[PDB]
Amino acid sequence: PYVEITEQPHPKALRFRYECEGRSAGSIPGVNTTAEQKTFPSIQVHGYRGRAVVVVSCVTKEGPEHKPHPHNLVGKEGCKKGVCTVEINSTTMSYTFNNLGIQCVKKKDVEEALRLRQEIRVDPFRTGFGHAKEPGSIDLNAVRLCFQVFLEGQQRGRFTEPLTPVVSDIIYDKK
């Protein structure tokens, strides 16, 4: 059981918006988004069929041990506290993120933001929040979507078994 990123986020097709802009932030197209056929990022679990949720959050482009990136993910579907959580189709085993937007935190706020990511307890690679002290070290123009998948356990209704976090190609703030 592992997750495959079947359609990668287009690396330069969405402007990140600040909270001060009061928008929906939009949606991140897929690499293959086309003229008459729009696309969106999508994953696919392998080796397993059953209940399984997915947590998506921003991690740094930076290092194999990517760290929580301050930026919040907002979206009509499942996004709370910059983290976005949705349940996967229990038979097809795939999900397509059609409303996943990136709301960029500005420098002044990086700390309080990372402060919150910690409360929520979202830390894909067990990186801790050391980077919250050194805020300028974080590149606020690039991120990667992190997909942490959790299989239903044995304790019915409790998604307990975590598959290994999978990181997407880098997404760069478009102008």
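Residue positions are given as counts along the sequence shown, with the first one as 1.
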- Comparing 153-161 with 5-13, which has the greater mean CA B-factor as deposited? 153-161
- Which wins on mean Cα temperature factor, 59-67 or 128-136? 128-136
- Could you look up the Cα B-factor of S27 in the entry and say which third of the chain it sits in: lowest, middle or highest? middle
- Message: Sorting by Cα B-factor within the chain, modelled residues only, which third would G101 end up in: lowest, middle or highest?
- Response: lowest
- Note on the structure: Sorting the chain's modelled residues by C-alpha B-factor and splitting them into thirds places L116 in the highest
- Ordered by C-alpha B-factor within the chain, which third holds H46? Give me lowest, middle or highest, please. middle
